[PDB]
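one piece of my complex first, more on the way:
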Amino acid sequence: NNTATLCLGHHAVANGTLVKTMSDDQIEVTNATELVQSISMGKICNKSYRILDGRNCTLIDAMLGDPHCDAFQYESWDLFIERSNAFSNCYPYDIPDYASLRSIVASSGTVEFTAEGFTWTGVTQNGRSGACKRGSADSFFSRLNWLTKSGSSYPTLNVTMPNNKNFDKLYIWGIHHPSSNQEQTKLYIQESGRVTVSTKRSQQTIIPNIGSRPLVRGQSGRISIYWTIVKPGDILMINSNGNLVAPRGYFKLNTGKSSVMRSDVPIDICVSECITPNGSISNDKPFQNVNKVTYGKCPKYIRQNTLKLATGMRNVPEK
Amino acid sequence: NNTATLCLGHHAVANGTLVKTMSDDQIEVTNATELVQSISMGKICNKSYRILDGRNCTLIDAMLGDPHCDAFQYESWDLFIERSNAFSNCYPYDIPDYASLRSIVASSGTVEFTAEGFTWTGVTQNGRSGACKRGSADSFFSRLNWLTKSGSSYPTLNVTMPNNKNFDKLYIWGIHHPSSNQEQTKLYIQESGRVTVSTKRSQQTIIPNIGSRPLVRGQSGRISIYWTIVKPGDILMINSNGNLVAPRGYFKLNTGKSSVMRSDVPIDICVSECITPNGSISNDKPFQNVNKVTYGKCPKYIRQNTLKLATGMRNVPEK
């Protein structure tokens, strides 16, 4: 022409997404990105972390030595998975602070037992029960040693075991609770029983509890578990005139990345770095809405299930 | 003229309000809004939420069956209120882990009791005391049954109670500590007592400790309370050779919105969706500074008692 004209402007698209700002609740922009992980992978993934599958075993059953948990005997892990359909099948027990001992063992990352030469003179060892079957007939927890009378007596046991290693040992032991006053004397002569486990720094004495209970695998007796930690330089000592269920050794305790998690989801071949009861989840988003229980490199769990972050300008299609 | 003069401007007000921005500590704007509730209604409002005035009774008393708590016998609540002039008027007792039992009962949201047919062959029932007095006569906790010997022997009790329902039952029971040994033998033949309450999964045995304690309502002896949760499919079993304070039945343990709160503030016909020890408070404001202890659709407690959000422009009166 005689003169010219120059016009400025920005671009736009077809598929504008709505997002939230401080000035408006909804507003169209050229692109947006999802910040909350809603979808899980629907399977727990055997990489990058090491995971053990509890299957029929709970963690405490595996580390005590339930006959149907002999496959776990030598296993360590990054994450142990407890299935809900899991059960016990050995002598009926209880553990004061079960939750704590579960945490302490779950953290260690292993149930690998070290045997040690304990000497129980004047008593008879390796007691078994019809509740706790292995192969055919009677058996017992493989990490505990049920001590009964030898002939006419059960003399006071007084056995010492020093810790010259450079690491904290964890001894597991228990006490037996006979059904009746008739059992208490039949097994461990003395009308009353007692177990006093002590180190230089602390102690626990536990009295038995004669009484009839409901039947579990034909048995009305029970057994209680206590644990005791022995430090480097320190020394384990066990005094008892009856009802002791002795340790056969110690578990090594570890500062570790290990843990335990309840889930009923199948473990599959794949690679992933965050785990929830719902399965593995993708790592890449900063937040997540699958589960507040997470193990590994996990986005933070939040109550929202969608938060769109704007990665583009305002979108004005031609009106 | 041949020249108009068009002018732009904005509005102002008689008196604006100071607010705080990132740029300034104080600055006038045309209208602000208080974002923090300072004031309470003065009383607790009985609408929206079902509230139960505990008056002279504490929650645990109302469930143990304290003779001055008979009004609460059949009651349930959204929020139980404990007045701090409340007391107990019954047999002097304590509860190992009182705090938890309270919280459990509180959450359950009811003290609705269900009688079960227990049989206590061998022993005399419904023991009473000068401490609890229903009317003028000697009585005892409604939900407990005090068993002493019948004739001249207290034979070992061994009584089972299955749970065929689909919910968890909660049994309250206790053991009784007499003052002297002349009293220990007089009530229950045996010179030493025991109560072993057990299930398939857990079990507990308590030994009565004989000895003088401070006098409360004439009584030097005392009673310790314990609970036991019996799961669906599970089975209760009470075994004891002396000193048992037996259950009469069980409480239904509920999952609910129920709780308990301490307050000496009165109650009134009035609607509100928050409660505090100070009284019901308004809901509209997002933050609050009346009390950290709250129940209901409650705004967040903070430490500042005033915060102004501007809802108008900067107010510039004539310079």
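Arrived safely, thanks for sending. Numbering: from 1, shown residues only, chains lettered A, B, ... in the order given.

what does the one helix or strand residue A:195 maps to rub up against?
Using DSSP states H and E, residue A:195 sits within strand A:194-198. Strand A:194-198 is contacted from outside by A:171, A:173, A:175, A:203-208, A:226, A:228, A:236-244, using C-beta atoms under 8 Å, 6 or more residues apart in numbering or on different chains. Any C-beta I mention is one placed from the backbone N, CA and C, and that applies to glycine too.

please redo it, this time with the cut-off set to 10 Å
Residues outside strand A:194-198 that contact it (C-beta atoms under 10 Å, 6 or more residues apart in numbering or on different chains): A:156-158, A:171, A:173-176, A:188, A:203-208, A:224, A:226-228, A:235-247.

buried subset of those residues?
The neighbour-count test (16 or more other C-beta atoms under 10 Å in any protein chain shown) marks A:157, A:171, A:173-176, A:188, A:206, A:208, A:224, A:226-228, A:236-247 as buried among those.

could you report the neighbour count for the residue of chain A found nearest chain B?
Per C-beta to the nearest C-beta, residue A:211 is where chain A lies closest to chain B, at 2.8 Å. Residue A:211 sits with 28 neighbouring residues when counted by other C-beta atoms under 10 Å in any protein chain shown.

how close does the residue lying closest to it once chain neighbours are set aside get to residue B:205?
Nearest residue to residue A:211 in three dimensions, chain neighbours excluded: residue B:196, at 2.8 Å (C-beta to C-beta, 6 or more residues apart in numbering or on different chains). Distance, residue B:196 to residue B:205, by C-beta to C-beta, to the nearest Å: 4 Å.

for residue A:207, what are its contacts?
Taking C-beta under 10 Å, 6+ apart, we find residue A:207 in contact with A:175, A:177, A:192-196, A:243, B:205, B:207.

change it to 7 Å
Shown in contact with residue A:207 (C-beta atoms under 7 Å, 6 or more residues apart in numbering or on different chains): A:193-194.

then chain C, please:
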Amino acid sequence: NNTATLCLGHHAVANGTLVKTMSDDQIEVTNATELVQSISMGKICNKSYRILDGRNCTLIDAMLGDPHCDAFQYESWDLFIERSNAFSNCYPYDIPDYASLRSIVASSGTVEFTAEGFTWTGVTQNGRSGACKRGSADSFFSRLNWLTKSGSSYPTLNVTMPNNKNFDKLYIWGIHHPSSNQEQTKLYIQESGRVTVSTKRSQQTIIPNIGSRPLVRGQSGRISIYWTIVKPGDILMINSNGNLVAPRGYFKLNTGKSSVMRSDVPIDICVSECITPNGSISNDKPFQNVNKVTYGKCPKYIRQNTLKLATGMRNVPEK
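With chain C now in place:
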């Protein structure tokens, strides 16, 4: 020139500092300021707060009356510093729920001790041992009273001590577990002893537990410690037929700004309003990366070590 050029400009400096905005990762500004405190002073500063060097004493040995803590009898503090190489040099002992007692005492800010006229009739008092030594002679915990039999009888003790003051009294007491039946019967006539520390509102029975422990300062026996809070208007009654380690009085609790802290840092003449286990730190920054453990007017602990805040405009040098 019939004209004049007038230019506007901003200033700039010869040492532009890099900061982080929402737009940019690293952008240069005329001036910054540090927000996180990286370094301590390396010494704990004893002007401002009255701080107390534990030296060879732990907080608990100090109040029990360990011979080498004699100098702490009449002390009080805002912060008690526990050196890690502190030790005990008294009868070997354990405290169930030790941390709680340590926290309670730390919050009190003193180990001042009021004596009281307890009458222990028919029992010999002030029993000493080889482990606690006052100078060369044998001794014992100074705030505790080891009671053994007199003649050949240890009757049931039943001692009352009413609280007529208007504050809560802490009573520390213990039970002694001997090494063998032969030791038990020699000191306390009875084959098995007991202690019941009761009040109107609660109670606490402890049975001892014969048996060998490891040698500590030539002693296989052990003492356990318990505490009891007697509210004002209440009354403390002690009932025991053997093995009691009785109190000589009470500690007065004071709801206060007092605490304890573990650190092996020196204590200098110096000023600060905040203390960490790394020594006092500067109080003027909003944040701090020295230690999560702090005490006093002290900035927030965060993971990051440096955060730079812009205190000036953008620095643009001549290109």
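
quick recheck of the contacts of strand A:194-198 now chain C is there?
A:173, A:175, A:203-207, A:228, A:237-244, C:209, C:211, C:213-214.

ok, now stretch A:125-142?
A:64-67, A:90-92, A:145-148, A:216-219.

quick one: buried residues of it?
A:127, A:129, A:131-134, A:139-142.

kindly report the same for stretch A:38-49.
A:40-41, A:43-46, A:49.

would you reformat those residues as CSV and include secondary structure?
What follows is the buried residues of stretch A:38-49, written out as CSV (DSSP: H, G, I helix; E, B strand; the rest coil):
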residue, secondary structure
A:40, strand
A:41, coil
A:43, coil
A:44, strand
A:45, strand
A:46, strand
A:49, coil
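
export these as a markdown table, with columns for distance to chain B.
Formatted as a markdown table, the buried residues of stretch A:38-49 follow (distance: C-beta to the nearest C-beta, whole Å):
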| residue | distance to chain B |
| --- | --- |
| A:40 | 26 |
| A:41 | 31 |
| A:43 | 31 |
| A:44 | 28 |
| A:45 | 33 |
| A:46 | 33 |
| A:49 | 32 |
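
who in the stretch 1-150 of chain A is up against chain C?
With C-beta under 7 Å from any C-beta of the partner chain as the criterion, the stretch 1-150 of chain A does not meet chain C at any residue.

near chain B, which residues of the stretch 51-200 of chain A show up?
Checking the stretch 51-200 of chain A against chain B by C-beta under 7 Å from any C-beta, the hits are residue A:94.

next secondary structure after the strand holding residue A:195?
The helix or strand immediately downstream of strand A:194-198 is strand A:203-206, counting by DSSP H and E.

in its sheet, what does whatever helix or strand comes next after that next one sit against?
Per DSSP H and E, the first helix or strand lying C-terminal to strand A:203-206 is strand A:222-230. Its sheet considered, strand A:222-230 pairs with strand A:93-94 (parallel), strand A:169-177 (antiparallel) by DSSP bridges.

what lies in contact with the next helix or strand after the first one?
What it means is strand A:93-94. Following strand A:93-94 in sequence order, the next helix or strand is helix A:98-108 (DSSP H and E). Contacts to helix A:98-108, defined as C-beta under 7 Å, 6+ apart, come from residues A:59-60, A:63, A:80, A:95, A:227, A:251, A:253-254, A:256, A:258-260.

okay, now chain D:
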Amino acid sequence: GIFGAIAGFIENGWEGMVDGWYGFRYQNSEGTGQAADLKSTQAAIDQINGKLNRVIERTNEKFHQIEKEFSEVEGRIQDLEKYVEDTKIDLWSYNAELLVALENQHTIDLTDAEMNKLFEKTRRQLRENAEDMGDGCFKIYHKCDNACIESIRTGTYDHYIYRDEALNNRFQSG
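With chain D added, the chains above now look like this:
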């Protein structure tokens, strides 16, 4: 605030305007007169209504929680119960202070913007035919009756029609 419009190149507000938030004051052939602009008034109001709801979730029911006041001295668990509670209050208090601070910051600049935008919008209409006096105020170099001023507010002011007139009034100086 930042645009230099409110409390900046506009000396002060107009208390005598209850019509709206932004508006006009014109002196012309038919005396004087005042008006309001309800597009700019609406545009600010809309952003300030529900300003807080875009951040704070509508209050959620909380029922049985932990205990936060104690009659007894229990040691360890009571320490923890207290520390949890205080951690939460300190964190929410800071949240509350910071939210108020920058939501207000925004409210100030949002409003200041709308003024500038209106000024500029009406400036770009006038084009050659007017002058920015610095009062946030225009000197128009031609005769606008009230239907003329109407057109500038509706947005239908044709600048090419008055351009000739505008220049003869503009140019007569040397």
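
in light of the added chain D, please revisit the contacts of strand A:194-198.
Contacts for strand A:194-198 (C-beta under 7 Å, 6+ apart): A:173, A:175, A:203-207, A:228, A:237-244, C:209, C:211, C:213-214.

please redo it, this time with the cut-off set to 8 Å
Under the contact criterion C-beta under 8 Å, 6+ apart, strand A:194-198 has outside partners A:171, A:173, A:175, A:203-208, A:226, A:228, A:236-244, C:209-214, C:222.

next up, the contacts around the closest residue in space to residue A:299 that isn't next to it in sequence.
Counting by C-beta to C-beta, 6+ apart, residue A:288 is the residue found nearest to residue A:299 once chain neighbours are left out, at 3.9 Å. Applying C-beta under 8 Å, 6+ apart to residue A:288 gives the contacts A:36-37, A:281, A:294, A:298-302.

restricted to buried residues, select these in ChimeraX.
Those of those that count as buried under 16+ other C-beta under 10 Å are selected in ChimeraX with:
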select /A:36,37,281,294,298,299,301
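
Throw the contacts of residue A:288 into CSV and include secondary structure, thanks.
Shown next, in CSV, are the contacts of residue A:288 (three-state DSSP):
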residue, secondary structure
A:36, strand
A:37, strand
A:281, strand
A:294, coil
A:298, coil
A:299, coil
A:300, strand
A:301, strand
A:302, coil
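
closest to chain C among the contacts of residue A:288?
The closest of the contacts of residue A:288 to chain C turns out to be residue A:300 (C-beta to the nearest C-beta; 14.8 Å).

pretty sure the closest one is touching residue A:289, no?
No - with contact defined as C-beta atoms under 8 Å, residue A:300 and residue A:289 do not form a contacting pair (10.2 Å).

mind telling me what element the residue in the stretch 201-319 of chain A that chain D sits nearest to is part of?
Proximity of the stretch 201-319 of chain A to chain D (C-beta to the nearest C-beta) peaks at residue A:303, 7.9 Å away. For residue A:303, there is no enclosing helix or strand under DSSP H and E.

and if you look at residue A:47?
Assessed by DSSP H and E, residue A:47 sits inside strand A:44-48.
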